[PDB]
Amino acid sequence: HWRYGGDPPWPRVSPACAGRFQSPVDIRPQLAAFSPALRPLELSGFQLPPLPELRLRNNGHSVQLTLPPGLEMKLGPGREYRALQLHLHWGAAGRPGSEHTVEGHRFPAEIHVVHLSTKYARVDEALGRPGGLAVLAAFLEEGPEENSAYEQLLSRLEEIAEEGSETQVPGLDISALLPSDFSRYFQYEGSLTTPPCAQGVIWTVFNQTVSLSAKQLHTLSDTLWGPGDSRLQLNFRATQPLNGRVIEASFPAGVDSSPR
């Protein structure tokens, strides 16, 4: 327990981090398998009122927002979850820091919303069990406009700049931190992307991205400090080998362009 870029490598402290079915991975949409069984995601309870407040913590690995009870997420028949927390992965000034890549390209940042299967009462019961945990992931890109939903969190980072600091923030619409298109996504089975790197995690990566302003992306990557004397930057894991896994897509092929 640990900092990005630190020593020793994770398999030394958690051998499961050297498992064969780890996350994140590179997504090659042309090789993804279209599955018409994959229906639009169904969320309920994500529109939180201003009160009560939520814990926002700099844990030295990321900034993590604790979510209240009642956030329900359904991936499909037999696959229902409750949200626990969300956190972010980012780079540094001018440098991207998403965890997943698309055709080998890295995005500025990435949001993760971590969920527990309704089949398990506690995380430690679910760890390593196929389908026990599920993560919703979206890429954050630069856009021309300030993202008002993200500003609610970004504006509070300065007060938790030092590692281990926390603060309380107003409830907000958690779905406003995610893309609006719930119908188009990729899905595969992998791992937690931090120790203990437990496998059996269902990953769902939105096809649509979310946009933050340049200033906002800078605030995210420039404000927080990590363990020891370190800067909380480049807090993403290297891409992991697919090792024969299939990435499914909830939508068919389609061309990016067409001649007149």
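One-based numbering along the sequence shown.
A.B. asks: Output the stretch having the higher mean C-alpha B factor in the entry; the candidates are 53-61 and 209-217.
C.D. replies: Here the higher of the two C-alpha B-factor means belongs to 209-217.
A.B. asks: Name the higher of the two by mean Cα B-factor in the PDB entry, 227-235 versus 64-72.
C.D. replies: Mean B over CA atoms: larger for 227-235.
A.B. asks: Among the candidates 115, 79, 156, 105, give the one with the maximum CA B-factor reported in the record.
C.D. replies: Each of 115, 79, 156, 105 was compared by C-alpha B-factor; the highest is 156.
A.B. asks: Highest CA temperature factor in the entry: which of 165, 98, 180, 187?
C.D. replies: Largest recorded C-alpha B-factor: 180.
A.B. asks: Using the temperature factors of the C-alpha atoms in this entry, rank residue 90 within its chain: lowest, middle or highest third.
C.D. replies: Its C-alpha B-factor belongs to the lowest third of this chain's values.
A.B. asks: Taking the chain's C-alpha temperature factors as the reference, tell me which third residue 192 falls into: lowest, middle or highest.
C.D. replies: Ranked within chain, residue 192 CA B lands in the lowest tercile.
A.B. asks: Would you check the entry's CA temperature factor for residue 139 and let me know if it's in the chain's lowest, middle or highest third?
C.D. replies: Lowest third, going by the recorded CA B-factors of the chain.
A.B. asks: Considering only modelled residues of the same chain, in which third does the CA B-factor of residue 27 rank: lowest, middle or highest?
C.D. replies: Tercile = lowest for this residue's CA B-factor.
A.B. asks: Where does residue 43 sit by CA temperature factor within its chain: lowest, middle or highest third?
C.D. replies: Within its chain, residue 43 is a highest-third residue by C-alpha B-factor, going by the deposited values.
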